[PDB]
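Heads up, start.pdb below (PDB, C-alpha atoms):
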```pdb
ATOM      1  CA  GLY A   1     -80.381-119.095 -66.045  1.00  0.00           C
ATOM      2  CA  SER A   2     -76.844-119.969 -67.112  1.00  0.00           C
ATOM      3  CA  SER A   3     -74.717-121.812 -69.671  1.00  0.00           C
ATOM      4  CA  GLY A   4     -72.535-123.922 -67.400  1.00  0.00           C
ATOM      5  CA  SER A   5     -72.424-127.625 -66.567  1.00  0.00           C
ATOM      6  CA  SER A   6     -75.666-129.312 -67.618  1.00  0.00           C
ATOM      7  CA  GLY A   7     -77.030-130.518 -64.292  1.00  0.00           C
ATOM      8  CA  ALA A   8     -75.817-129.361 -60.887  1.00  0.00           C
ATOM      9  CA  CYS A   9     -75.105-132.641 -59.098  1.00  0.00           C
ATOM     10  CA  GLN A  10     -71.902-131.595 -57.331  1.00  0.00           C
ATOM     11  CA  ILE A  11     -71.683-129.017 -54.544  1.00  0.00           C
ATOM     12  CA  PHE A  12     -69.136-127.165 -52.411  1.00  0.00           C
ATOM     13  CA  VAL A  13     -68.642-126.782 -48.659  1.00  0.00           C
ATOM     14  CA  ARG A  14     -66.611-124.478 -46.416  1.00  0.00           C
ATOM     15  CA  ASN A  15     -65.949-123.775 -42.736  1.00  0.00           C
ATOM     16  CA  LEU A  16     -65.788-127.457 -41.792  1.00  0.00           C
ATOM     17  CA  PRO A  17     -64.506-128.719 -38.414  1.00  0.00           C
ATOM     18  CA  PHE A  18     -60.733-129.190 -38.498  1.00  0.00           C
ATOM     19  CA  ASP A  19     -61.512-132.743 -37.384  1.00  0.00           C
ATOM     20  CA  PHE A  20     -64.284-133.184 -39.951  1.00  0.00           C
ATOM     21  CA  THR A  21     -63.280-136.124 -42.146  1.00  0.00           C
ATOM     22  CA  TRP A  22     -64.379-137.327 -45.582  1.00  0.00           C
ATOM     23  CA  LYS A  23     -66.335-140.335 -44.319  1.00  0.00           C
ATOM     24  CA  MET A  24     -68.434-138.068 -42.100  1.00  0.00           C
ATOM     25  CA  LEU A  25     -68.822-135.435 -44.818  1.00  0.00           C
ATOM     26  CA  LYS A  26     -70.363-138.086 -47.068  1.00  0.00           C
ATOM     27  CA  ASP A  27     -72.790-139.840 -44.721  1.00  0.00           C
ATOM     28  CA  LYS A  28     -73.546-136.288 -43.588  1.00  0.00           C
ATOM     29  CA  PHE A  29     -74.914-135.285 -46.993  1.00  0.00           C
ATOM     30  CA  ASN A  30     -76.355-138.761 -47.549  1.00  0.00           C
ATOM     31  CA  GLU A  31     -79.509-137.627 -45.749  1.00  0.00           C
ATOM     32  CA  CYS A  32     -80.459-135.752 -48.921  1.00  0.00           C
ATOM     33  CA  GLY A  33     -79.567-138.382 -51.501  1.00  0.00           C
ATOM     34  CA  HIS A  34     -76.975-140.962 -52.523  1.00  0.00           C
ATOM     35  CA  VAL A  35     -73.526-139.386 -52.208  1.00  0.00           C
ATOM     36  CA  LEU A  36     -70.888-140.779 -54.566  1.00  0.00           C
ATOM     37  CA  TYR A  37     -67.847-138.498 -54.478  1.00  0.00           C
ATOM     38  CA  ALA A  38     -66.726-137.051 -51.143  1.00  0.00           C
ATOM     39  CA  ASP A  39     -63.341-135.748 -50.002  1.00  0.00           C
ATOM     40  CA  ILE A  40     -61.725-133.094 -47.810  1.00  0.00           C
ATOM     41  CA  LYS A  41     -59.458-130.488 -49.402  1.00  0.00           C
ATOM     42  CA  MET A  42     -56.035-130.235 -47.761  1.00  0.00           C
ATOM     43  CA  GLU A  43     -52.871-128.164 -48.175  1.00  0.00           C
ATOM     44  CA  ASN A  44     -49.418-129.546 -47.380  1.00  0.00           C
ATOM     45  CA  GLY A  45     -51.097-131.898 -44.925  1.00  0.00           C
ATOM     46  CA  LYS A  46     -53.358-129.265 -43.386  1.00  0.00           C
ATOM     47  CA  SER A  47     -57.161-129.363 -43.333  1.00  0.00           C
ATOM     48  CA  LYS A  48     -58.748-126.370 -45.063  1.00  0.00           C
ATOM     49  CA  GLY A  49     -62.270-127.034 -43.823  1.00  0.00           C
ATOM     50  CA  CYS A  50     -63.595-127.135 -47.379  1.00  0.00           C
ATOM     51  CA  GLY A  51     -64.835-130.181 -49.266  1.00  0.00           C
ATOM     52  CA  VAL A  52     -67.137-131.363 -52.044  1.00  0.00           C
ATOM     53  CA  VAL A  53     -70.077-133.745 -52.427  1.00  0.00           C
ATOM     54  CA  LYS A  54     -71.388-135.341 -55.621  1.00  0.00           C
ATOM     55  CA  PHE A  55     -74.841-136.889 -56.003  1.00  0.00           C
ATOM     56  CA  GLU A  56     -76.489-139.208 -58.529  1.00  0.00           C
ATOM     57  CA  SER A  57     -79.140-136.713 -59.634  1.00  0.00           C
ATOM     58  CA  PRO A  58     -78.668-132.982 -60.345  1.00  0.00           C
ATOM     59  CA  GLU A  59     -81.914-132.070 -58.584  1.00  0.00           C
ATOM     60  CA  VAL A  60     -80.703-133.577 -55.307  1.00  0.00           C
ATOM     61  CA  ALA A  61     -77.628-131.354 -55.076  1.00  0.00           C
ATOM     62  CA  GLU A  62     -79.698-128.199 -55.555  1.00  0.00           C
ATOM     63  CA  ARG A  63     -81.549-129.402 -52.457  1.00  0.00           C
ATOM     64  CA  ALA A  64     -78.672-130.597 -50.276  1.00  0.00           C
ATOM     65  CA  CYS A  65     -77.332-127.066 -50.738  1.00  0.00           C
ATOM     66  CA  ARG A  66     -80.072-125.283 -48.794  1.00  0.00           C
ATOM     67  CA  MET A  67     -80.646-128.312 -46.566  1.00  0.00           C
ATOM     68  CA  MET A  68     -77.028-127.961 -45.443  1.00  0.00           C
ATOM     69  CA  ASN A  69     -76.721-124.242 -46.179  1.00  0.00           C
ATOM     70  CA  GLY A  70     -75.745-122.758 -42.829  1.00  0.00           C
ATOM     71  CA  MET A  71     -75.535-126.127 -41.094  1.00  0.00           C
ATOM     72  CA  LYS A  72     -74.012-125.226 -37.726  1.00  0.00           C
ATOM     73  CA  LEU A  73     -71.152-127.732 -37.584  1.00  0.00           C
ATOM     74  CA  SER A  74     -69.481-128.166 -34.194  1.00  0.00           C
ATOM     75  CA  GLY A  75     -70.304-124.520 -33.554  1.00  0.00           C
ATOM     76  CA  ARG A  76     -69.213-123.496 -37.043  1.00  0.00           C
ATOM     77  CA  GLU A  77     -71.648-122.388 -39.746  1.00  0.00           C
ATOM     78  CA  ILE A  78     -70.800-123.909 -43.126  1.00  0.00           C
ATOM     79  CA  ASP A  79     -71.414-122.330 -46.532  1.00  0.00           C
ATOM     80  CA  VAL A  80     -73.085-124.816 -48.876  1.00  0.00           C
ATOM     81  CA  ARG A  81     -73.723-123.950 -52.523  1.00  0.00           C
ATOM     82  CA  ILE A  82     -73.949-125.455 -56.009  1.00  0.00           C
ATOM     83  CA  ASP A  83     -70.685-125.792 -57.932  1.00  0.00           C
ATOM     84  CA  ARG A  84     -70.931-124.361 -61.447  1.00  0.00           C
ATOM     85  CA  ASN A  85     -67.240-124.849 -62.229  1.00  0.00           C
ATOM     86  CA  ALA A  86     -66.593-128.498 -61.378  1.00  0.00           C
ATOM     87  CA  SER A  87     -64.821-129.272 -64.654  1.00  0.00           C
ATOM     88  CA  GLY A  88     -61.271-130.398 -63.949  1.00  0.00           C
ATOM     89  CA  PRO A  89     -58.951-129.654 -61.006  1.00  0.00           C
ATOM     90  CA  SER A  90     -59.320-126.348 -59.161  1.00  0.00           C
ATOM     91  CA  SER A  91     -55.872-125.203 -58.033  1.00  0.00           C
ATOM     92  CA  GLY A  92     -53.351-122.619 -59.190  1.00  0.00           C
TER      93      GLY A  92
END
```
Take the structure I supplied and represent it as C-alpha coordinates, if you would.
Amino acid sequence: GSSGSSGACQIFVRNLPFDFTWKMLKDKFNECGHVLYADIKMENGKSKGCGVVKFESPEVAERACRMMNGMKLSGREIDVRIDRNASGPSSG
(Lines of atoms letter the chains of each structure in order from A and count residues from 1; the text may use other names and numbers.)
(Lines give C-alpha, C1' and ligand atoms only; values in the text may rest on other atoms or scores of the structure.)
Protein backbone atom coordinates (compact mmCIF):
# COMPACT_ATOMS: atom_id res chain seq x y z
CA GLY A 1 0.00 0.00 0.00
CA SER A 2 0.88 3.69 -0.14
CA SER A 3 -0.37 7.23 0.47
CA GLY A 4 0.39 8.85 -2.87
CA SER A 5 -1.75 9.99 -5.78
CA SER A 6 -5.21 8.42 -5.57
CA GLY A 7 -5.32 6.34 -8.73
CA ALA A 8 -2.31 5.44 -10.86
CA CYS A 9 -3.40 6.51 -14.34
CA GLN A 10 -0.09 7.98 -15.50
CA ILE A 11 3.09 5.99 -16.15
CA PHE A 12 6.76 6.46 -17.03
CA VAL A 13 8.98 5.12 -19.80
CA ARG A 14 12.73 4.95 -20.43
CA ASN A 15 15.24 3.65 -22.97
CA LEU A 16 13.19 4.78 -25.97
CA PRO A 17 14.54 4.87 -29.55
CA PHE A 18 16.27 8.18 -30.25
CA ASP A 19 13.86 8.42 -33.18
CA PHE A 20 10.85 7.41 -31.08
CA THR A 21 8.37 10.28 -31.27
CA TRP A 22 5.38 11.31 -29.16
CA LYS A 23 2.75 10.31 -31.73
CA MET A 24 4.16 6.78 -31.82
CA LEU A 25 4.57 6.62 -28.05
CA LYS A 26 0.85 7.32 -27.69
CA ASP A 27 -0.68 5.00 -30.29
CA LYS A 28 1.89 2.54 -28.92
CA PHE A 29 0.30 2.49 -25.47
CA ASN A 30 -3.18 2.87 -26.96
CA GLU A 31 -3.34 -0.92 -27.28
CA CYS A 32 -3.98 -1.05 -23.53
CA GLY A 33 -6.48 1.78 -23.22
CA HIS A 34 -7.30 5.32 -24.31
CA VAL A 35 -4.13 7.42 -24.04
CA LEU A 36 -4.70 11.12 -23.37
CA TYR A 37 -1.37 12.71 -22.45
CA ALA A 38 1.77 11.66 -24.33
CA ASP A 39 5.07 13.45 -24.87
CA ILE A 40 8.81 12.83 -25.18
CA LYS A 41 11.18 14.38 -22.64
CA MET A 42 14.00 16.39 -24.22
CA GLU A 43 17.03 18.38 -23.04
CA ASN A 44 18.34 21.39 -24.94
CA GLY A 45 16.87 19.86 -28.08
CA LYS A 46 18.14 16.35 -27.40
CA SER A 47 15.97 13.24 -27.02
CA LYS A 48 16.40 11.54 -23.64
CA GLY A 49 14.53 8.38 -24.57
CA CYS A 50 12.13 8.85 -21.67
CA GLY A 51 8.46 9.79 -21.88
CA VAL A 52 5.10 9.54 -20.12
CA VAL A 53 1.63 8.20 -20.89
CA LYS A 54 -1.65 9.10 -19.18
CA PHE A 55 -4.83 7.01 -19.38
CA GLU A 56 -8.50 7.62 -18.60
CA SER A 57 -8.73 4.97 -15.88
CA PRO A 58 -6.18 4.25 -13.12
CA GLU A 59 -6.56 0.48 -13.53
CA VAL A 60 -5.47 0.65 -17.17
CA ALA A 61 -2.10 2.23 -16.40
CA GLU A 62 -1.26 -0.46 -13.84
CA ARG A 63 -1.75 -2.85 -16.76
CA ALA A 64 0.00 -0.97 -19.57
CA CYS A 65 3.01 -1.01 -17.24
CA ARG A 66 3.60 -4.77 -17.33
CA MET A 67 2.16 -5.04 -20.84
CA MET A 68 4.93 -2.69 -21.97
CA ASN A 69 7.37 -3.53 -19.18
CA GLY A 70 10.45 -4.73 -21.03
CA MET A 71 9.00 -4.02 -24.46
CA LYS A 72 11.99 -4.55 -26.75
CA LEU A 73 11.90 -1.31 -28.75
CA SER A 74 14.05 -1.23 -31.89
CA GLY A 75 16.42 -3.56 -30.07
CA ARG A 76 16.18 -1.56 -26.85
CA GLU A 77 14.38 -2.83 -23.75
CA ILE A 78 12.27 -0.11 -22.13
CA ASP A 79 11.50 0.24 -18.42
CA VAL A 80 7.78 0.82 -17.87
CA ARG A 81 6.39 1.53 -14.41
CA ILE A 82 3.65 3.40 -12.56
CA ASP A 83 4.37 7.03 -11.67
CA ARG A 84 3.66 7.79 -8.01
CA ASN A 85 5.02 11.34 -8.16
CA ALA A 86 3.22 12.89 -11.13
CA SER A 87 2.19 16.04 -9.25
CA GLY A 88 3.70 19.08 -10.94
CA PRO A 89 6.84 19.44 -13.10
CA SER A 90 9.77 17.09 -12.49
CA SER A 91 13.00 19.00 -13.12
CA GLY A 92 15.69 20.58 -10.97
Identify which of the residues A:22, A:76, A:91, A:84 lies closest to residue 2 in chain A, counting only C-alpha atoms when measuring atom-to-atom distances.
-> A:84
Target residues per the PyMOL selection byres ((chain A and resi 81) around 10), formatted as a ChimeraX atom specification | /A:10-14,52,61-66,68-70,78-80,82-84
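When the PyMOL selection byres ((chain A and resi 48) around 10) is evaluated on the file shown here, the picked residues come out as residues 14, 15, 16, 17, 18, 40, 41, 42, 43, 45, 46, 47, 49, 50 and 51 of chain A.
Applied to the file shown here, the PyMOL selection byres ((chain A and resi 7) around 8) selects the residues residues 5, 6, 8, 9, 58 and 59 of chain A.
The interatomic distance for the pair CA of residue 29 in chain A and CA of residue 60 in chain A works out to 10.3 Å.
Note that the spacing between CA of residue 21 in chain A and CA of residue 44 in chain A amounts to 16.2 Å.
You will find CA of residue 72 in chain A at 28.1 Å from CA of residue 89 in chain A.
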Restricting the calculation to only C-alpha atoms, which member of A:92, A:87, A:74, A:53 is positioned closest to residue 27 in chain A?
-> A:53
